[PDB]
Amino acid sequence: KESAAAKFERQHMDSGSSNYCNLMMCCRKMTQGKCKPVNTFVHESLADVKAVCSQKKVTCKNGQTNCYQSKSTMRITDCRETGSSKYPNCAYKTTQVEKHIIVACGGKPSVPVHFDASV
């Protein structure tokens, strides 16, 4: 069983092409069983992303208060299923942007366990 912290790294970290999302959503296993409809990858170092857990506190989309917003914008790529996508033939639109990220943090040490939003 993968931990929540490990799952966050697999689904969202790509520390560092129109087909980017199609390749990554597949390699990171987000097209198994169903096409995850939307996902965001973050291209900053794992350390900079983990540091968000000690940055600005904000409320989570689900109402929990263990969420944090990055002090700076970060380089991210949003992957969104296209209208033609249909499991098991998933298809995604790749959009690169620079936005702040909001993540839920948990565990000891407190690390990101859920990508909540980009703002």
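Think of the rigid core as the biggest set of C-alphas that the two forms share within 1.5 Å after superposition. Quick note: we count residues from 1 along the sequence shown, nothing fancier.
In summary, of the stretches 5-13 and 97-105, 5-13 shows the greater Cα distance from the shown form in 6 other deposited structures of this protein, with structures fitted on the rigid core. Going from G16 to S17, you skip over 4 to 9 residues of the deposited sequence that the entry leaves unmodelled. On average the C-alpha atoms of 49-57 have higher B-factors than those of the other stretch, with 24-32 and 49-57 being the two compared. Legend: mean Cα B-factor per stretch from the PDB entry, 104-112 versus 7-15; the higher mean is in 104-112.
Sort the chain's modelled residues by C-alpha temperature factor and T73 lands in the middle third, per the entry. Sort the modelled residues of the chain by CA B factor and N62 lands in the middle third. Ranked against the other modelled residues of its chain, the C-alpha B-factor of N39 as given in the entry falls in the lowest third.
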